[PDB]
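The chain below stands alone and is given in C-alpha cells; this is the form deposited in one PDB entry.
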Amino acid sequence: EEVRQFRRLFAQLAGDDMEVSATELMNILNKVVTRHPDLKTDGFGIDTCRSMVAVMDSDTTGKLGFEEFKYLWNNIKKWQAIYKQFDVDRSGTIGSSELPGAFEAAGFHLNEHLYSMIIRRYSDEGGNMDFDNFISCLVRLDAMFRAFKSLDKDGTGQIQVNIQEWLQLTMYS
C-alpha cells in the first residue's frame, strides 16, 4: 500500500539512528526538487534544513522521527501543488502579488504588514520567492502558529512567556 512503502522510505532515509537529521533531509529534499524543474530554486541549504528540523522537533530528539517527518512531507506535497497552482505567470517562483493567495489557500490569513515582513525576509530583491524559501517559510509559519495556539488554549488572544521559554522558542527554529 501507500502507507506501507512510505514507512519503508523513511526507515531507509533515517538510517542508523532511525531519525532524519538536517543533512539527511537536505539531501532528499534537493534530489527530489530536481525532478520538478517547474519549481525554481537555488537548492535547499543546510542552514534552512536545520531550521525546518528544529521547528518540527516537538520531542526535542534533535532530529525527525517518523510522525514529524510524515507531517512535514504531507505539508510539502500540499504546499507544492499550491505553489504551482498560484504561479499563474509560470515564473517558477511566487511573486509579490501571487503570495497572498498562495498563503491563504494554504490556510494562513495574514494582514498587509505581516505579508510585507514575509516578502522582505523570504523573497528576493525583486519581490520573488523561490521554492526552498516558500517551503521553508510555511514550515516555520505553520509551526509558529501552532506554538502560539498551544500556549493560548484559553483563547485570550495573548500568550505570556518568561525569558527561558522565549529563548527556547525563538532560538530553536
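Shifts are known only where both forms have a C-alpha. Numbering starts at 1 and follows the sequence shown. Each form is matched to the other, and the largest set of C-alpha atoms that superpose within 1.5 Å is called the rigid core.
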Got a sec? Mean C-alpha B-factor, which is higher, 27 to 35 or 49 to 57? 27 to 35
12 to 20 versus 151 to 159: which one carries the higher mean Cα B factor per the record? 151 to 159
C-alpha B-factor winner, where the candidates are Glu67, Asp124, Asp142, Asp132: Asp124
Tell me, lowest, middle or highest third: where does the Cα B factor of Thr41 rank within its chain? middle
Based on the entry's values, in what third of the chain does the Cα temperature factor of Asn111 lie: lowest, middle or highest? middle
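Although not depicted, the form solved in complex with a partner chain is the subject of the following passage.
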I'd like to know if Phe66 sits close to the partner chain in the deposited complex, meaning any non-hydrogen atom pair within 4.5 angstroms. no
If you overlay the rigid core, what runs of at least 3 residues show Cα shifts of 2 angstroms or more between the shown form and the other one? 1 to 5
